[PDB]
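1. have a look at this fold, sequence not included:
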RNA sequence: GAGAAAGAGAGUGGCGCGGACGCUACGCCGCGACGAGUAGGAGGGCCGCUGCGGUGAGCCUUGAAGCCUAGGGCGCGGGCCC
RNA sequence: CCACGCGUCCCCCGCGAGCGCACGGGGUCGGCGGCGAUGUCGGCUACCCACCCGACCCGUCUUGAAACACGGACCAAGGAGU
Ligand SMILES: [Mg+2]
Ligand SMILES: [Mg+2]
Ligand SMILES: [Mg+2]
Ligand SMILES: [Mg+2]
Ligand SMILES: [Mg+2]
Ligand SMILES: [Mg+2]
Ligand SMILES: [Mg+2]
Ligand SMILES: [Mg+2]
Ligand SMILES: [Mg+2]
Ligand SMILES: [Mg+2]
Ligand SMILES: [Mg+2]
Ligand SMILES: [Mg+2]
Ligand SMILES: [Mg+2]
Ligand SMILES: [Mg+2]
Ligand SMILES: [Mg+2]
Ligand SMILES: [Mg+2]
Ligand SMILES: [Mg+2]
Ligand SMILES: [Mg+2]
């Protein structure tokens, strides 16, 4: 065989949001494109942050 | 107008064609100089053994610095120290094989593992046919079979390793960047030995196949390859 | 335009010329040979002149269509393959036909035709085998030859001549070619004693007869 | 808009039909009749459609005009083409190409016109 | 002749026998529809030799030749005549099938509409 | 010669001299 | 890409290593030349057998 | 007007002790009994010829009862001149110890 | 796709009306390595049952549900269509 | 011999064309032959039978079940994380 351990073989992170919101998924369709096709990593961070959950993107305040 | 655009792109295409052709002349004359170097390396040891014999003295040759290590025993029931040293030697499947340069840490790592491997000192023909027949490269942690010189040059160009025979020169004459060239090579997946094994579970001294057969590994790469 | 030469590299083995690139620079003499730098017809019609378009657009389009293949290189068509015999077959060899309705019969081999096939007659006076083609693989070649080099096989008989048309009736030129080659072969094999009885007899395996042990 | 409408119509429309591990869309102006954003006949500002005529010869080509989007009665324009098979396809080709009128599916319109004309010449 | 498809590959299937559930041959109460058996001493579940096979994923068909009939087509279950203008474009890949519950005087209308639209029907002469 | 920036004039000179 | 074998196949070997063409030219010339030399020594030894 | 096939006997399938692999016949050819000697027969068309109840076709003739399962001879086996064959459908074990004809016609001579 | 940080960048002076497929972006495609499993945990079900809101200008006395079937089939399978 | 020419200052001694063959980013033939209307052609699977190899009966509690461990004659419906 091969002596791999397959415990951590699967990265747990999100590929898409768990929301069926459609404006959020159209923002995803725009930033999938901008992150796939620019070299700037701001778009990858904004893609990963549109992917997140409500408790992972908490509201900052105006202060 | 496009009478300028097409001649500019033709000049660029001709420029990169001329660049590629000069690279191929570079690779040619480098392989020639490597052939000359291997001639001189092979005749130097014979010439010095001859001069020692005609002076009556002996000539202990250079203690060999490059081994090829093959995992001969399977996954099942392995002690954990031996497990960790095997998976630092990158011998995970059975009948894998990696090149390993020799020094004090490495020899003792090998004789912790010694019942599980067969390792020896490979010839230039062994290094050649291992890189050409089973030699693939760990590119972007994918196992891309080495079909061009660009697969080797894009990963190992910064160590002045730009073609496959230059990779062979590095592995055989263990150079400065042996770590990087060998770690570029994926662990070799050899077949089962044609003709067979005399005994898997005992050392080569004891009428078996484990352990350190010295240059009799060049009998065995030829039939596991 | 100049008259073409042939390849100044004699072929040493396949794919390797006997002369290197600098020797061939010298032999080609490139050193003194350097250099520097539809769809419409207009026809008259009795009106005016009408610009007919040849290569017209298609009338129909199928609702779903296959794509184009990838381009590969060495896959030549059959008519331009390279053709080989065995070593044991030279013109004049007696052969043992193993597969047709003329199975087992001993036969004089004539020549190697253009589509790989052998030309064949164990002469029709002897064992009723005409000018036939036979496949090289399906044939045991014995070591019994005749001095056939002084015959004139007709040049008008090839694969297009023996290839089937579509009751089969023998034409006249079949008989004429059969006679014109048998009159040259049959006295040449009556000169070897007991050879015509050999060519009339048929090969067969009896008890205690094994083809690996037996030399032919 | 168009993507906003597609994010609703993509799964819960009534023209959608899902069986036998296939999927289709039975909407009135769908070239190739399949469920896609590219070919959908309701959610675009400009759309062609290829239909057989009420007379049993030739093809009515449906265009969606530009101005009256929210006005479904004076939105579509019919043109009946009752010609030979070559000039019917040439008319559909020029109509979609040289107007630059949604050229994603000029070839799909030509296929569908040819399939209708195949079915409209008599049976074997 | 019939209506030939676009492309007709050799449909290689990995297994042709069905999977019968373990000890369906013994009892009548055990219907032969496969149930992976959760026994702790079960000779099949732990894969002995010479036993009833289990339906792993590796027996899955090729994706290019999956759900593909021996004629080269794929089915599509059709209820009325308005579900053949659907396959008007998938003429060369997807073929039509008429449902069981569909009447005769509608089935023959379906059949002649599909004969006009050049769509092959799997059961074109069903009831009559 | 054969590495791109520093061998640019060299490869250009060879390309001119090939005529 | 399908990995063709540079030890059996030849133009893959030249695609990886263009000096292998002149090494495999010079060694075929060497084999043929040494073969002619040994046949000439054997024929001279047969002339010595006749003498 | 005589025999044009060598005599061979379908000894068994290619097998281990607790496993057999039915895709490969083991053929024992009469007269050859060593690997030095089995070299002539490699690649020869072999055939298992059998009769049946109802008539089937026969090419270059009229229908009769006899039937075949063609094959070819792939590689030697053992040291006693045993050989391996592969038939285009696997042989029934009806055929154990019954005469497979092994032809001559894919000749390499 | 090409061993080499970055432009097939703009500026100032010395006849024939033609071009396949695609992109349910939850879609489609390309590379690599991998596949044991009880207790257990998780995911996907265009697997299945009963009922409700939508919908198929759905099906049905020119014969629905059910039941039987040495018939044609699909799917690894649950099952399903004839 | 993977060496190409010219013109000049120094020292020590960037666009030439055309064709063609192919050990070159995975198979093609621009090669063939037979049989076919009342007895034959194709259908792995599904019906019966034969032969070879394998092959102990399920659930369960168990350190360990084919067990001389207990439950089970056979079938249809009901039947247990709400
Ligand atoms: Mg594995
Ligand atoms: Mg696991
Ligand atoms: Mg995990
Ligand atoms: Mg052990
Ligand atoms: Mg062997
Ligand atoms: Mg038990
Ligand atoms: Mg257990
Ligand atoms: Mg598992
Ligand atoms: Mg048994
Ligand atoms: Mg119990
Ligand atoms: Mg208890
Ligand atoms: Mg107990
Ligand atoms: Mg337990
Ligand atoms: Mg007991
Ligand atoms: Mg008791
Ligand atoms: Mg109890
Ligand atoms: Mg009881
Ligand atoms: Mg129940």
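-> Received the coordinates, thanks. Numbering: from 1, shown residues only, chains lettered A, B, ... in the order given. Ligands and ions are numbered 1, 2, ... in the order given.
2. what's the local residue count around the residue of chain H found nearest chain G?
-> Nearest residue of chain H to chain G (Cβ to the nearest Cβ) works out as residue H:75 at 20.9 Å. Just so you know, the C-beta spots here come from the backbone N, C-alpha and C atoms, and that holds for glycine as well. For residue H:75, the count of nearby residues is 12 (other Cβ atoms under 10 Å in any protein chain shown).
3. same check on the one 3 residues further on?
-> When neighbours are counted by other Cβ under 10 Å, residue H:78 registers 13.
4. who's in contact with it?
-> residue H:35 (Cβ atoms under 8 Å, 6 or more residues apart in numbering or on different chains).
5. SS state for the residue of chain H closest to chain G?
-> strand (DSSP: H, G, I helix; E, B strand; the rest coil).
6. return the set of residues that bridge with it.
-> Counting by DSSP bridges, residue H:75 forms beta bridges with residue H:84.
7. so it makes contact with residue H:84?
-> Yes: here residue H:75 reaches residue H:84: they are 5.1 Å apart, a contact under Cβ atoms under 8 Å.
8. flag every residue of chain C that's near chain H.
-> With Cβ under 8 Å from any Cβ of the partner chain as the criterion, chain C meets chain H at residues C:86, C:88, C:98-99, C:101, C:103-104, C:137-141, C:202-206, C:210-213.
9. ok, 10 Å please
-> C:86-89, C:96-101, C:103-105, C:135-143, C:201-213, C:216 (Cβ under 10 Å from any Cβ of the partner chain).
10. picking that back up, mutual contacts of residue H:75 and residue H:84, please.
-> Any residue near both residue H:75 and residue H:84 by Cβ atoms under 10 Å, 6 or more residues apart in numbering or on different chains counts here, and that gives H:24, H:42.
11. how about the helices in the chain?
-> Assuming you mean chain A. Remark: helices assigned in chain A by DSSP state H are A:22-37, A:42-50.
12. look at chain D instead
-> According to DSSP H, the helices that chain D contains are D:3-12, D:85-97, D:106-120.
13. buried only: go through the residues of chain C next to chain H for me.
-> Of the members of the residues of chain C next to chain H, the ones counted as buried by neighbours, 16 or more other Cβ atoms under 10 Å in any protein chain shown, are C:88-89, C:96-100, C:103-105, C:136, C:138-142, C:202-203, C:205, C:211.
14. doesn't residue B:82 lie inside a helix?
-> Yes: assigned with three-state DSSP, residue B:82 falls within a helix.
15. tell me the phi and psi of the closest residue to it other than its chain neighbours?
-> For residue B:82, ignoring the flanking residues on the chain, the nearest one in space by Cβ to Cβ, 6 or more residues apart in numbering or on different chains is residue B:113 at 5.6 Å. Backbone geometry at residue B:113, expressed as degrees, to the nearest 10, gives phi -80, psi -20.
16. which residues touch residue B:113?
-> B:69, B:71, B:73, B:78, B:81-86, B:88-89, B:91, B:119, B:210-211.
17. same deal with residue E:61?
-> If you count contacts by Cβ under 10 Å, 6+ apart, then residue E:61 has E:11, E:12, E:13, E:14, E:15, E:67, E:68 around it.
18. just the buried residues of those residues.
-> Here, 16+ other Cβ under 10 Å leaves residue E:68 buried among the contacts of residue E:61.
19. out of the contacts of residue E:61, who's nearest chain D?
-> Among those, residue E:67 lies closest to chain D (Cβ to the nearest Cβ), at 5.9 Å.
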